[PDB]
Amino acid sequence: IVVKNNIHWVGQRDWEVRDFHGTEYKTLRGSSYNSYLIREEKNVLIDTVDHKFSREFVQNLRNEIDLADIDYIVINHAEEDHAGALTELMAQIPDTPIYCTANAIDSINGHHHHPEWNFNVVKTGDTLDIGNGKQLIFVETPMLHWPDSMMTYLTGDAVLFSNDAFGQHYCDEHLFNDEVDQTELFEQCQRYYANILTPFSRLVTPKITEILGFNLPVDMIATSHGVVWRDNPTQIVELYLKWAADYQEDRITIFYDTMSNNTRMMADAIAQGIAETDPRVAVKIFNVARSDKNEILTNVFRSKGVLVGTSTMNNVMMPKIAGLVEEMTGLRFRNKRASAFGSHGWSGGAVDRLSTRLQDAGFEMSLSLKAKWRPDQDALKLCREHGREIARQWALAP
């Protein structure tokens, strides 16, 4: 509960949660919502928690400090998972001044509908004295991931409250990074970036470059989700630079949907052709109807190339492929190559429309693979050869 000195974690662990953003981001290891109470000469509260825990939040905050003793409230991000307990709290201390970006005023009002609250706009470099020789330095970070996002730096203790950035949805009773299981931790960090931060990778390097340019010490990075980076904090920062640079491993992801397993047979063959041709490559196969969507996108993120599959259904693609291609267009993956494939009954046409959309999504397209009905021994030889040819074209230098 105690982060460092007079900084107190007053957040909420959520072991049961599985759905975020509707069902667009599934969290298989639950999550946590970090809120930090800093008490020097001035008592300042940094962010709240998910709206589902508003009652537990206020009550727990009472057991920590009398509400009237809170001087300032800092809101880095106005999304419901961080500002959901704000209305219930401001109902007890309505006159308390809030500090946020100009855009946050727009987003906070859009959620809580209380424009009378004492908002105080802050910009990059702005400071807020809190006594004892310590102050809060604000750093705007628009579109990382919302127009309203920012970060708060605490002088002296050298703590960077980054909110969503550098966070991960991984529920644990221990607070610090060196206290949890390392593999599960990093698997969750990468899952987060790939499914939410990918479309804004271009802003990451310049932003991180700017922050470092302030020559500020960082003993800890305290995110709004998961662990506090206490042990070797820049650790997670180095990763974000790596991830933001059109990241890719020697990996190929293959996903598809199928009605009678014909496209599946093509997928399996293509894989065998790849694994047989280039041993360095790690291959993954997924049925979009029977798989975790976020796991597919994480792999895609980690991949140098992708093969998407679909049969023709009513002159169009299959719904789950159409939807998954829509999401990829939004995530805008970069410097990746792709190939479409599928089976059909008579007129077909789904592989062609799938191929065009993959290209508009930003993928560098290779030749498509097409089969009629169920691939017989001859057709399967073609599918394996397609796997080999793809493996040669995409092969990394020796």
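Numbers follow the displayed sequence, beginning with 1.
Comparing 305-313 with 182-190, the stretch with the higher mean C-alpha B-factor in the PDB entry is 182-190. Between 39-47 and 360-368, the higher mean Cα B-factor belongs to 39-47. Of the candidates 245, 108, 228, 150, the one whose C-alpha carries the top B factor in the deposited record is 150.
Set against one another, the Cα B-factors of 295, 164, 249, 276 in the record reach their highest point at 276. In this PDB entry, residue 335 carries a Cα temperature factor that places it within the middle third of its chain's modelled residues.
For residue 329, the recorded CA B-factor ranks within the lowest third of the chain. Only modelled residues enter the ranking. Split the chain's modelled residues into thirds by C-alpha temperature factor. Residue 171 is in the middle one. When the CA B factors of the chain's modelled residues are split into thirds, the value for residue 200 lands in the lowest one. When the modelled residues of the chain are ordered by their C-alpha B factor, residue 34 lands in the middle third.
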